[PDB]
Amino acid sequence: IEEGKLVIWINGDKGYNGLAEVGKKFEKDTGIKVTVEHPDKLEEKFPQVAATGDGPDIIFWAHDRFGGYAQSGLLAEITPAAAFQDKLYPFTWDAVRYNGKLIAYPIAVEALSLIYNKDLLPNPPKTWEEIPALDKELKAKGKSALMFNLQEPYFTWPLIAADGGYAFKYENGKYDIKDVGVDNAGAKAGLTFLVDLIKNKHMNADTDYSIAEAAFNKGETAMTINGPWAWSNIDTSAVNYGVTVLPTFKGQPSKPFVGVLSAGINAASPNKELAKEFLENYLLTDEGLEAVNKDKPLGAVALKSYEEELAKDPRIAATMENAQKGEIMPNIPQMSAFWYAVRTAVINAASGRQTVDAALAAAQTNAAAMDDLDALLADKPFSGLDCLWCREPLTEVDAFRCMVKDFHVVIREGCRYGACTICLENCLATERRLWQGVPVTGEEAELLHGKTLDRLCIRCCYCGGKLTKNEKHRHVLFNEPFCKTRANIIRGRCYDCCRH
């Protein structure tokens, strides 16, 4: 990392241009150049890159990612004077505390709200249950009731949580990573309601961020679910919009997961002092936050003095009312696994690839561990057995595949299980995304597991199948490295799984 300057990473939906202006003031005052960048998948890139001591000096993201960053020792400890701490709301500091240490600066507080087109819908619906009938009305005029991003569990979670869904139960002073509320009766109800909106053609499974945004900002749909960052583009459109409380579901409020946008400092940064000066005395000020806010709205902010200005805005009170009805996201390392698990269940259920029950049962298993994967894919009959994950009976092809792939029967509470292809593939996909491997040679693998390559059990990172002697030799012969993932596990690619 270059010494004498600041590189800052922040997400593309945020006011990076405004932040750049703060960055130019810092430069005019100190002579230090600040470069603001908005890399795709920055939150996944940061941990790969920072582990080798590269990356940005400062990284911005909601607080939920930061526990994982801190655990891996990627973040500098933040030590602001008590005077400074007093400038921000206490709960925001709590969001960036990990094992008794402050690991980032809180910037702003974020919650989803219902955004609606006053001209098309002067009085927005109070319940999710009214949408179906309302959509029918609007379709008559070539419009739709509701579009929003269904690709990200962040947007669908408020509904899933409404009737009892939850991530980790908080108890005995800590989130209990073994008590996950992802396949309880309330989650199923909420996901079932969502899936029925899709079967009945009130929404498309394919809708993503860009598609819902365009549709709303061009007057084609009456409602959308988004955060404060989205308001700036609606302003610039012809749309006359309101911001209000999310609908209820079975008479219970929708429960958004509340994020605190936070700025962490790379442990490997040689510019820690400069980073702290920038953040404390330039960004976390009335003028600094306003510069960023004018670009893309921040939502409620952590800085008391400026939040007082922002609080007069009805869109902000609506933001805070939805926030009070939701929960502050946990920052524990297990959150990544939770988010991936739910993302997959929603995508699967919405396309009909799996039932709601199957999809949530798998999500439940994935959110609470990966011990099951290791048991199934141990180093190295299935017919009539169910899938460990989704609890559905293995078809006879999936039973065959379990055998040919050289899987191991998993016993849970006395019962024997295999895995269907869908759950197995989703699980391995999450492994690659959650544990970026480092490349290793055959020699490195042999040395690590005191065993010749022909005798090492190396599995395909896509299908879980045990690589043949020739498949392993392919890696060596053609200079294609193996992958060292978690627990010193070594993965490779079978002939069939050699993507372009």
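A residue's number is simply how far along the shown sequence it sits, counting from 1.
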Enter the number of deposited residues without atomic coordinates between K380 and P381, binned as none, 1 to 3, 4 to 9, or 10 or more.
10 or more
Which is higher on average in the deposited entry, the C-alpha temperature factors of 131-139 or of 222-230?
131-139
Of 241-249 and 362-370, the stretch whose C-alpha atoms average the higher B-factor in the entry
362-370
In this crystal structure's PDB entry, the residue among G67, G450, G465, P56 with the greatest CA B factor is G450
C-alpha B-factor winner, where the candidates are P122, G190, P106, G418
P122
When the modelled residues of the chain are sorted by Cα temperature factor, does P153 land in the lowest, middle or highest third?
lowest
Please rank the C-alpha B-factors of the chain's modelled residues and tell me whether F60 sits in the lowest, middle or highest third.
lowest
Using the B-factor values recorded in the entry, state whether the Cα atom of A487 falls in the lowest, middle or highest third among the modelled residues of its chain.
highest
Hey, what third does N293 fall into on Cα B-factor, ranked over its chain?
middle
Ordered by C-alpha B-factor within the chain, which third holds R432? Give me lowest, middle or highest, please.
highest
